[PDB]
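**Q** This is the structure, below, for whatever I ask next.
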Amino acid sequence: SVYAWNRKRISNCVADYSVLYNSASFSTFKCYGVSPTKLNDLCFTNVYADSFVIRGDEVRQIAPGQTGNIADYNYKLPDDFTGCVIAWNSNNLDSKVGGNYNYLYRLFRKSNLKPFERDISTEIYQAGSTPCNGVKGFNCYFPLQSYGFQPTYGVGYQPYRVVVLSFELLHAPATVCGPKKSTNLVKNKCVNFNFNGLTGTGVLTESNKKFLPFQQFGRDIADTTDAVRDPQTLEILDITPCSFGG
Amino acid sequence: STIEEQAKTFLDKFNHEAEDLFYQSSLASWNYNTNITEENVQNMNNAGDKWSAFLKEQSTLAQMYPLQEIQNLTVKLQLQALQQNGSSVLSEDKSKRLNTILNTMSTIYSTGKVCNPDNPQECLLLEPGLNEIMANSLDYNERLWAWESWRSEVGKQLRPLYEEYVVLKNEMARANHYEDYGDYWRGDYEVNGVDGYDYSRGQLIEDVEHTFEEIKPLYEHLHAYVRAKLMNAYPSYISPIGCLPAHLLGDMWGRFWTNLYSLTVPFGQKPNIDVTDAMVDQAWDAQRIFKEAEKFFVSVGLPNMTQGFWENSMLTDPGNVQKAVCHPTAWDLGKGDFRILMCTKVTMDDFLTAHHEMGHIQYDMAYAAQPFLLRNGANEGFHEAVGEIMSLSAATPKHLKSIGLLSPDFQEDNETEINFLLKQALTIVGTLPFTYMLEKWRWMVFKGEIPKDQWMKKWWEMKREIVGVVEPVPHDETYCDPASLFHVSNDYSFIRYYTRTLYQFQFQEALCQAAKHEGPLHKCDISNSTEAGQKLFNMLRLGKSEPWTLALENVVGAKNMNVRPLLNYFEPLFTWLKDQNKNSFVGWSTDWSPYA
Ligand SMILES: *[C@@H]1O[C@H](CO)[C@@H](O[C@@H]2O[C@H](CO)[C@@H](O)[C@H](O)[C@H]2NC(C)=O)[C@H](O)[C@H]1NC(C)=O
Ligand SMILES: *[C@@H]1O[C@H](CO)[C@@H](O)[C@H](O)[C@H]1NC(C)=O
């Protein structure tokens, strides 16, 4: 639900944002702190996923500096938020011909919801001065109401699935990041290489020395790299500077 | 304890279930109308009782709120309807007696049976039959008998029921802080908001009749013309100085006079506006007709028609086993759902009717952002007027030529345009005086200023002067002409039908005023005119949020109700009929009668 929006922690993996961006089945995908093109380039510690199904009209309400029945009581999003949200039509999945009543939204709240805060309380809302013992009466109401998603509901009213991606930058080591570029191995030509940050120019040949199962690269003396193990076939290469002279 | 803030919470709580339950009821009604079956009959009541019982407790809660200090105009307007409990102002016995008398008054009308004297077992009903006997025929005996049977076997048996119903309805209306019952009907044409735009029920009463005297030269001449032509049609039946009976009107009540257009055609050799061969030649089925009309709607500037309408709506004939009504209806089930229910046929009249239904759809979706209690027209006379504006704009030969329907070398001129305008006027200005006198009669019957003896003898002796239709036969007070009507047994307001067309013409003038179109008003077209949309757009989205007094400001500068376009639209027909009625004296002498 939206007042009880689920929270999932994603860390210690690689994120495939390209397949998420290229997909054309997503109704809404807009954000400003990070442009989607460069999202795979730079990465953070971990991410938070919040999945809930909302009405089509309310989709625009989930944005920084917004207020509404959802943006103020069911979910509050801080103005300094980074990342963005994926919304897509789910009328044929979430809704049913008899009317989906399995989703609920908070309508009343004495205190406005705080950013990145979820309130699961179901206290009997009180408006007037009448003493109510948790029972409905003159002006004592309920903070939660239900969705009535139906297949015959028009656009802006059909059940749309919405996943909020919250990005955070703790001082702890970053875990989730983007993929590689791979390219292709070429030998016996003065080229330049970037083997896991081992940036440098040279010519790569085949060698015969044996690394123990845990080294990554060797060196000989005066701290100059002399051999590298490729991270794909686990073979020992060699490095020679392409010639120069007067 | 504040009341203003908690009123909004109560409104939201009421709405959250109000839209849902109204949507369920609308879906059930559409299901029943689309396909009828025994199962789909009892569920209608099973939903209607719940919907009605939902309206009682919300108004029950709408008495503890002191609606005298709430400052928000929107909140005050919204809770004004909330305090309206409805029929809970009298005793339960009186309420059930009134419900029973309404039901029996409707059923007696629904069981009308009149048989021919020669064959005692051959009766005819409101279905095609005795109504058609005097609708399209050239006779004076069968028409006389049919009208006599209708006015004697219907209305006379309903007389005591109406007698009790009038006083009961007046009494229950008095308990709602109302001086009468007609005041409740006039409450729609009433605003108590901003100063300078305020309106009163008595203001409506006076302004609905000060808008009637400006059409006297337009009407009387026409009457004389009709009378004059009736002289060439029915010699030695009516004196040239008198007035015609109700049998020759063409309808059981003479509301529509277009049935005599073909009989009284000036130039019968000139063909009328016919495109039937054009409709059938290239197979104009219902879908492509609706799509071309939608293209015209887009050319007006209206928002794009919503996807899914082509799917849910059943455009064609319902079929053979799935019985359904053929009443042209445009359903707005809510929550973004729109549908249409019509028995489509390839006619120009059905073309205009489809235009009307889609105009209703557009107007309905115009105020979708309103709260649950504000998705209604600012008055009764905008929905029908908005729908009929499109019908009026779709009949111009300019648009018909623009859609490849008429020959490019056509010879439209003054004679055929005058004939078409006469056909239009027999429907347009052919209803004003009878409607006005009917509504006035209902009003002082509601008021009670006329006693129990001046009810039926007054009806004809005032119809003689308001319209000019002679009493074909002697009658006593046991007769009741008005009771033999659709909008008298179901308690339906009829004043809407008076201003409605006027609104059209006002808009039909005002838009034309903002159209840069030179020539006659009838030939004025709004096709390919984006500027003609936004003026309308400034009011359609208003809905019931703003009173109609201020709503009638973005289209017409004048906020009053002055009858400008009736003397503006029908200028050539009137100036040609002045030439036509040079010798025939206009007006009717209320002394000649068939019996004396
Ligand atoms: C990553 O690199 C390749 C990518 O597929 C895989 O290793 C080779 O996989 C191919 C077929 O997928 C085999 O024919 C080779 O024999 C594999 N070589 C080695 C050295 O594994 C595998 O998915 C990954 N390999 C490693 C070492 O992580
Ligand atoms: C309306 O929507 C239809 C369906 O996509 C489209 O073909 C058409 O171009 C739209 N017209 C306008 C004016 O938006």
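Ordering of the structure tokens sets the chain letters (A, B, ...), residue numbers begin anew at 1 in every chain, and ligands are numbered from 1 in the order given.
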Compute the set of chain B residues within 6 Å of chain A, using only C-alpha atoms, and express it as number ranges by chain.
**A** B: 335-337
**Q** I want to know what sits within 12 Å of segment 55-60 of chain A, based on only C-alpha atoms, with residues of the same chain fewer than 4 positions away left out; could you give that as a ChimeraX atom specification?
**A** /A:1-2,27-31,64-71,74-75,85-91,94-95,100,103-105,146-150,153-164 /B:335-336,369
**Q** Write out as a PyMOL selection string each polymer residue (protein, DNA or RNA) that has an atom no more than 10 Å from ligand 2, with only C-alpha atoms and all ligand atoms counted.
**A** chain B and resi 295+297-299+301-307
**Q** Please give me, as a list in words, the residues lying within 8 Å of ligand 1 when counting only C-alpha atoms and all ligand atoms.
**A**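 I would give the residues around ligand 1 as residues 231, 232, 233 and 234 of chain A.
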**Q** List the spatial neighbours of residue 503 of chain B as number ranges by chain - criterion: any atom at most 9 Å away, only C-alpha atoms, same-chain residues fewer than 2 positions off excluded.
**A** B: 381-382, 385-386, 499-501, 505-508, 561
**Q** Write a file of the just-selected residues containing N, CA, C and O atoms, as a PDB file, in the first residue's frame.
**A**
ATOM      1  N   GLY B 381     -30.621  25.026 -18.325  1.00  0.00           N
ATOM      2  CA  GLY B 381     -30.650  25.394 -19.727  1.00  0.00           C
ATOM      3  C   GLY B 381     -29.316  25.518 -20.438  1.00  0.00           C
ATOM      4  O   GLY B 381     -29.245  26.147 -21.497  1.00  0.00           O
ATOM      5  N   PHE B 382     -28.252  24.941 -19.881  1.00  0.00           N
ATOM      6  CA  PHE B 382     -26.953  24.924 -20.550  1.00  0.00           C
ATOM      7  C   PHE B 382     -26.624  23.594 -21.213  1.00  0.00           C
ATOM      8  O   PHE B 382     -26.096  23.590 -22.328  1.00  0.00           O
ATOM      9  N   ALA B 385     -28.698  23.303 -24.310  1.00  0.00           N
ATOM     10  CA  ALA B 385     -28.268  24.370 -25.209  1.00  0.00           C
ATOM     11  C   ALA B 385     -26.895  24.078 -25.799  1.00  0.00           C
ATOM     12  O   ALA B 385     -26.673  24.279 -26.999  1.00  0.00           O
ATOM     13  N   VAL B 386     -25.959  23.603 -24.972  1.00  0.00           N
ATOM     14  CA  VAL B 386     -24.630  23.264 -25.474  1.00  0.00           C
ATOM     15  C   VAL B 386     -24.722  22.138 -26.494  1.00  0.00           C
ATOM     16  O   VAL B 386     -24.068  22.176 -27.546  1.00  0.00           O
ATOM     17  N   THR B 499     -35.642  29.221 -21.890  1.00  0.00           N
ATOM     18  CA  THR B 499     -34.377  29.933 -22.035  1.00  0.00           C
ATOM     19  C   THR B 499     -33.347  29.154 -22.839  1.00  0.00           C
ATOM     20  O   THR B 499     -32.501  29.778 -23.490  1.00  0.00           O
ATOM     21  N   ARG B 500     -33.417  27.818 -22.817  1.00  0.00           N
ATOM     22  CA  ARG B 500     -32.397  26.978 -23.440  1.00  0.00           C
ATOM     23  C   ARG B 500     -32.075  27.439 -24.855  1.00  0.00           C
ATOM     24  O   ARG B 500     -30.948  27.866 -25.139  1.00  0.00           O
ATOM     25  N   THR B 501     -33.066  27.393 -25.750  1.00  0.00           N
ATOM     26  CA  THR B 501     -32.833  27.807 -27.127  1.00  0.00           C
ATOM     27  C   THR B 501     -32.312  29.234 -27.193  1.00  0.00           C
ATOM     28  O   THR B 501     -31.373  29.513 -27.950  1.00  0.00           O
ATOM     29  N   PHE B 505     -29.073  30.720 -29.211  1.00  0.00           N
ATOM     30  CA  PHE B 505     -29.011  31.848 -30.127  1.00  0.00           C
ATOM     31  C   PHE B 505     -28.059  32.912 -29.609  1.00  0.00           C
ATOM     32  O   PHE B 505     -27.230  33.426 -30.370  1.00  0.00           O
ATOM     33  N   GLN B 506     -28.124  33.214 -28.307  1.00  0.00           N
ATOM     34  CA  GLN B 506     -27.170  34.162 -27.748  1.00  0.00           C
ATOM     35  C   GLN B 506     -25.751  33.717 -28.053  1.00  0.00           C
ATOM     36  O   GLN B 506     -24.981  34.453 -28.683  1.00  0.00           O
ATOM     37  N   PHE B 507     -25.426  32.472 -27.706  1.00  0.00           N
ATOM     38  CA  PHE B 507     -24.128  31.932 -28.079  1.00  0.00           C
ATOM     39  C   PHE B 507     -23.978  31.914 -29.593  1.00  0.00           C
ATOM     40  O   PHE B 507     -22.962  32.379 -30.126  1.00  0.00           O
ATOM     41  N   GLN B 508     -25.018  31.457 -30.301  1.00  0.00           N
ATOM     42  CA  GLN B 508     -24.964  31.422 -31.758  1.00  0.00           C
ATOM     43  C   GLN B 508     -24.726  32.814 -32.319  1.00  0.00           C
ATOM     44  O   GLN B 508     -24.136  32.969 -33.395  1.00  0.00           O
ATOM     45  N   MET B 561     -30.780  38.732 -19.261  1.00  0.00           N
ATOM     46  CA  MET B 561     -31.456  37.856 -20.213  1.00  0.00           C
ATOM     47  C   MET B 561     -32.345  38.726 -21.099  1.00  0.00           C
ATOM     48  O   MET B 561     -33.533  38.912 -20.827  1.00  0.00           O
TER      49      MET B 561
END
**Q** Just to confirm, what's the straight-line distance from atom CA of residue 309 of chain B to atom CA of residue 537 of chain B in Å (one decimal)?
**A**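 Going from atom CA of residue 309 of chain B over to atom CA of residue 537 of chain B covers 21.9 Å.
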**Q** Hey, what's within 8 Å of residue 67 of chain B if we count only C-alpha atoms and toss same-chain stuff fewer than 3 positions away? As a short mmCIF file (atom, residue, chain, number, x, y, z; two decimals) with C-alpha atoms, in the first residue's frame, please?
**A**
data_model
loop_
_atom_site.label_atom_id
_atom_site.label_comp_id
_atom_site.auth_asym_id
_atom_site.auth_seq_id
_atom_site.Cartn_x
_atom_site.Cartn_y
_atom_site.Cartn_z
CA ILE B 70 -19.10 29.39 7.70
CA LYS B 76 -21.27 27.19 2.22
CA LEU B 79 -23.29 22.29 2.49
CA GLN B 80 -26.36 24.20 1.28
#
**Q** Tell me, in Å to one decimal, how far atom CA of residue 466 of chain B is from atom CA of residue 222 of chain B.
**A**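 Rounded to one decimal, the two atoms are 14.1 Å apart.
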